[PDB]
J.: 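Sharing a structure, written as structure tokens. Questions coming.
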Amino acid sequence: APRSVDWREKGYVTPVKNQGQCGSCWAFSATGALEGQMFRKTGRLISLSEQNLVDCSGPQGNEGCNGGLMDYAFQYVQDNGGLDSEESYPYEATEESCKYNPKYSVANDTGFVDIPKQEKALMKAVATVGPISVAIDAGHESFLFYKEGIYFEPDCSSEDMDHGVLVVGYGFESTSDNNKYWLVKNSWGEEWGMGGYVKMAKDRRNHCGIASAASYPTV
Ligand SMILES: *C(=N)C1(NC(=O)[C@@H]2C[C@@H](S(=O)(=O)c3ccccc3Cl)CN2C(=O)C2(c3ccc(Br)cc3)CC2)CC1
């Protein structure tokens with residue numbers, strides 16, 4: 001694999017969004033991964049509707065503003081035969097009745113791939129596929145108040161993840177002893193972290209569980 005990857009530079013990634021006070025992180029992770037894969041397929045980057053996921057994917061197991069799984073979201077898109085654009089079905093940050101309209105579907109998927117639970121496998125997937133949905137342990141205030149640099153939290157769990165985010169690349173800082181990172185897009189607005197991104201510690205024993213539940217949709 002390349003020593004560094006950044007899919008933002010290749011046009012795969014929409015600007016950072018803000019889930020607000022709705023527990024819809026999973027929906028933002030899922031739209032980010034699907035935005036990437038649709039861009040690979042068609043050459044068109046189109047922002048996708050998180051609200052469509054929040055309102056409509058209960059049958060697949062998602063719980064609206066009380067949590068969900070990216071793979072359940074990918075299953076919804078396949079079962080449903082589509083997913084509306086962000087423009088057509090804007091974000092409300094509250095769980096509402098399903099308003100999916102197939103006229104404004106701009107994305108599709110045919111299933112999903114769960115990546116083997118190791119960072120070397122995650123790196124291979126990021127290098128070859130595009131942005132990847134991942135689960136992390138975000139349950140420390142060190143993460144809440146992250147500003148810049150490589151995030152490392154000694155108490156982070158590799159097994160107990162509570163936040164879905166998007167790996168858009170990886171690389172290394174030239175600074176000191178530990179310098180590799182995953183480039184991660186969050187859904188907490190541009191104010192948080194590095195314009196909404198966090199450099200998460202890479203190749204340090206699956207830090208925060210970033211390789212424990214990684215997946216992407218097939219298109
Ligand atoms: C986002 N605003 C919040 N977190 C979640 O919904 C979070 C996303 C995924 S995960 O990425 O943490 C994960 C964890 C374990 C295994 C796979 C994945 Cl993808 C699940 N989330 C959770 O917080 C849990 C969950 C699992 C399933 C359902 Br349905 C609801 C919630 C508790 C694991 C709401 C804060």
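Just the heavy atoms: all of them, side chains too, but no hydrogens, waters or symmetry mates, feed the values below. For the single chain, residues carry numbers from 1 onward in sequence order. Remember, it's 1-based here, ligands and their atoms both numbered in the order they're listed.
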J.: Pull out every atom of ligand 1 sitting under 4.0 Å from any heavy atom of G164, numbered as shown with elements.
T.: 8 (C), 11 (O)
J.: Name the closest protein heavy atom to atom 14 (C) of ligand 1, giving the residue it belongs to and the distance to 0.1 Å.
T.: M161 O, 3.7 Å
J.: For the side chain to side chain donor-acceptor pair (under 3.5 Å) test, which of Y76, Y89, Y100 pairs with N52?
T.: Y76
J.: Side chain of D137, backbone of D162: donor and acceptor closer than 3.5 Å?
T.: no
J.: List the atom of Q118, the atom of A211, and the distance in Å for their closest heavy-atom pair.
T.: C-CB, 3.5 Å
J.: Applying a heavy-atom cut-off of 4.0 Å, say which part of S29 lies close to ligand 1: side chain, backbone, both or neither.
T.: neither
J.: Considering only protein heavy atoms, determine whether one is less than 4.0 Å from atom 32 (C) of ligand 1.
T.: no
J.: So is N62 polar-close to ligand 1, meaning N/O to N/O under 3.5 Å?
T.: no
J.: Can you confirm, on distance only, whether ligand 1 has an N/O atom lying under 3.5 Å from any N/O atom belonging to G67?
T.: no
J.: Using a cut-off of 6.0 Å, state whether more than 12 heavy atoms not belonging to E148 lie near its atom CD.
T.: no
J.: Considering all heavy atoms of both residues, which atom of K185 and which atom of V165 are nearest to each other, and what is their separation?
T.: O-CB, 3.6 Å
J.: Mind listing the closest non-hydrogen atom pair of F74 and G111 along with its distance?
T.: CB-O, 4.4 Å
J.: In the protein, which heavy atom is nearest to atom 1 (C) of ligand 1, and how far is it?
T.: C25 SG, 1.8 Å
J.: Which protein non-hydrogen atom lies closest to atom 19 (Cl) of ligand 1, naming both residue and atom, and how far is it?
T.: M70 CE, 3.5 Å
J.: Considering non-hydrogen atoms of the protein only, which is the closest contact for atom 12 (O) of ligand 1, and what is the distance?
T.: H163 N, 3.2 Å
J.: Protein non-hydrogen atoms only, distance under 4.0 Å: does atom 9 (C) of ligand 1 have such a neighbour?
T.: yes
J.: Counting only heavy atoms from other residues, nucleotides and ligands, does the tally under 6.0 Å from CG of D114 exceed 12?
T.: yes
J.: Please state which protein non-hydrogen atom is closest to atom 30 (C) of ligand 1 and give its distance, to 0.1 Å?
T.: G68 N, 3.4 Å
J.: Provide, to 0.1 Å, the distance between atom 29 (Br) of ligand 1 and the closest protein heavy atom, together with that atom's residue and name.
T.: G61 O, 3.1 Å
J.: Report the nearest protein non-hydrogen atom to atom 11 (O) of ligand 1: residue, atom name, distance rounded to 0.1 Å.
T.: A135 CB, 3.0 Å
J.: Within the structure, does at least one protein heavy atom fall under 4.0 Å of atom 24 (C) of ligand 1?
T.: no
J.: State whether the side chain of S57 and the backbone N or O of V54 hold a donor-acceptor pair below 3.5 Å, judged by distance alone.
T.: no
J.: I'd like to check whether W26 has a polar contact with ligand 1, where a contact means an N/O of the residue lying under 3.5 Å from an N/O of the ligand.
T.: no
J.: A quick test of your reading: do over 12 heavy atoms of other residues, nucleotides or ligands sit less than 6.0 Å from CD of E87?
T.: no
J.: Does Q19, backbone or side chain, put an N or O under 3.5 Å from an N or O of ligand 1?
T.: yes
J.: Please assess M194 against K199 for the test side chain to side chain contact (heavy atoms under 4.5 Å, CB included), listing each intermediate value before the final yes or no.
T.: CA-CA 8 Å; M194 297 182 79; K199 296 194 281 191; 3.8 Å; yes
J.: Answer yes or no: does an N/O atom from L69 fall short of 3.5 Å to an N/O atom of ligand 1?
T.: no
J.: Does a donor on one side chain sit under 3.5 Å from an acceptor on the other, for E35 and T14?
T.: yes
J.: Check each atom of ligand 1 against the heavy atoms of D162 and keep those under 4.0 Å away; list them by number with element.
T.: 3 (C), 4 (N), 5 (C), 7 (C), 12 (O), 23 (O), 35 (C)
J.: In ligand 1, which numbered atoms sit nearer than 4.0 Å to a non-hydrogen atom of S24?
T.: 2 (N)
J.: Can you report which non-hydrogen protein atom sits closest to atom 17 (C) of ligand 1, along with the distance?
T.: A213 CB, 3.4 Å
J.: Give a yes or no on this: more than 12 heavy atoms of other residues, nucleotides or ligands lie within 6.0 Å of atom NZ of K10.
T.: no
